[PDB]
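> This is the structure I have questions about; it appears just below.
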Amino acid sequence: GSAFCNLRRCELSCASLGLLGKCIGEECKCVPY
């Protein structure tokens, strides 16, 4: 595809829980660090 997910759009959304995020295409996943 020509377009992909933003890292802030996962790192902020996982910081709402209290941890870091990483994003693949559109799917955001949270990690402890």
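Residue names in the structure tokens use chain letters A, B, ... in the order shown, residue numbers from 1 in each chain, and ligand numbers from 1 in the order shown.
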Residues within 8 Å of region 1-4 of chain A, please, as a list in words. Count only C-alpha atoms; anything in the same chain fewer than 5 positions from it doesn't count.
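With the cut-off at 8 Å, the set is residues 24, 25 and 26 of chain A.
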> List the neighbours of residue 27 (chain A) out to 12 Å using only C-alpha atoms; skip same-chain residues closer than 2 positions along the sequence, and give me the result as a count of residues only.
14
